[PDB]
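Consider the single chain below, provided in structure tokens and representing the form deposited without the ligand.
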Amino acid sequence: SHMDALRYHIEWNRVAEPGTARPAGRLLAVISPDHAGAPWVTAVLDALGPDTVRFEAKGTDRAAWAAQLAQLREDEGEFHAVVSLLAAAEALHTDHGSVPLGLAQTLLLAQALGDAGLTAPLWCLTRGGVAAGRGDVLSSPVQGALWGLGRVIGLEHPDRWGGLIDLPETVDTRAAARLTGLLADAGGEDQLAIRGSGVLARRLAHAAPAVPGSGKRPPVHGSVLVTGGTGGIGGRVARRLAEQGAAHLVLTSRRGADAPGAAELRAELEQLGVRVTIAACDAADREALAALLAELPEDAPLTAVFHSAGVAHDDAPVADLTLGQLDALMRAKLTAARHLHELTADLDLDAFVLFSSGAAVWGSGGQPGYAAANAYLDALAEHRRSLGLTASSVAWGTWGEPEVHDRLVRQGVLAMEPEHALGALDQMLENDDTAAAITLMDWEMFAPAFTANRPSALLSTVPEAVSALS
């Protein structure tokens, strides 16, 4: 249909076995020195060999790292590639409580490498940051946020970007050889998972068409929490849930009842039969979210969460983004969704729906912070499924009803009709799919623009993109 046509999903397809030769030139491996003990980090360092030069990235000091890297670069000369093991630092930064240390250090490494004029391509390794292959378990949603940042590094600094590789639990000799083969030549792939059965690469595809009469979804009832539910997309979602018969909507936002349009929204809802509660609650404040959950009717237990809260504003290019800026974009995504997960993991929810963005699924220049924050949401939904909990991540393209909006439309990420977007989400939930992107694309405009500086193996499974590129 028109709604089926908006739904895409990520898949992982087997790619070629890489060659058997080490990289010819010298590698530079980057380690977070307080977070260098995980078995995978040892196994990677051992696979890179003892000739690899090691750089310990201490703290978060762009200027100091640029100077240390400038020194290596002259001492050691030009490198074949830079291999970052910073993702192993999953603890939150002490000054930026929504930013995992390894994400802050990866941004600063990308920036300091540019500052120092190191041009070897950067590869960012993760372990359990993606769900790739039948049965695979996404064990670290925090490392999953690095993929959102890495794809935007690829769009903003294509000439110095290697790619992303997830490692398996055990890095045996077949795994190690796959790794060092790809570092030698990856055949144009740049989003890769090394697994027991082979090397898999990330692909975007049209989702399967929706099946009438096949819905898995239980009927909307009880209490349903919509964060950012007072306006914007969350408001529209709340209105659909009211028509689909929710007993009770709990709508939160920073402003609550003072949010723009909140009062007229509550009055429209209530005309429908629905009990509305509007609260000024921020889900990144764990105490406040717990209090809101504590006051639910005995006859209206929480049955679903829709997390729409979170701004895109105040991002910046990779080369300029600050940690304070990254912390603000992270907070309403990672911090808030962590608290929603922890405080509902025991309830037996019907839906836990996290709203992500095309920035995190394919990448958008200018949006590294928002890409990393939305990529953590997609990763947390896959993680939750591994725990036998329901969860859904829906990555929106452009909504219909300033320069970043117009840029995206110009790049062929077209404004959707709200009804069709909301219709496609219902198709996703009826299928109980874990992840999708919901976007109207003009592939003739999008594919050439997205691939002008660097090819994309991601889009090879979208036939319209293949056609647009020739």
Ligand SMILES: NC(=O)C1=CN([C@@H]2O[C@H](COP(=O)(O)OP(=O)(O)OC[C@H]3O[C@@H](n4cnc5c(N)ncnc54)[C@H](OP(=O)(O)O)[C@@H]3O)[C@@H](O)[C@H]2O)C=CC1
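Numbering starts at 1 and runs along the sequence shown.
The protein also exists as the form solved in complex with the ligand; that form is not presented, and the subsequent description refers to it.
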Tell me, please, which stretch of 138 to 146, 306 to 314, 80 to 88, 106 to 114 lies within 4.5 angstroms of the ligand in the deposited bound form when heavy atoms are compared? 306 to 314
If you check in the deposited bound form, is residue 182 within 4.5 Å of the ligand, heavy atoms only? no
4.5 Å heavy atom contact, residue 283 and the ligand in the deposited bound form: yes
Taking the ligand as it sits in the deposited bound form, is residue 393 in contact with it (heavy atom to heavy atom, 4.5 Å or less)? no
Taking the ligand as it sits in the deposited bound form, is residue 370 near enough to touch it, meaning that at least one heavy atom pair lies within 4.5 angstroms? yes
Taking a heavy atom within 4.5 Å as contact, would all three of 32, 65 and 118 count as contacting the ligand in the deposited bound form? no
Just to confirm, with a 4.5 Å cut-off on non-hydrogen atoms, which of 162, 168, 234, 222 contacts the ligand in the deposited bound form? 234
Contacting member of 228, 102, 150, 129, with respect to the ligand in the deposited bound form [4.5 Å, heavy atom]: 228
Neighbours of the ligand in the deposited bound form among 385 to 403 [non-hydrogen atom within 4.5 angstroms]: 396, 397, 398, 399
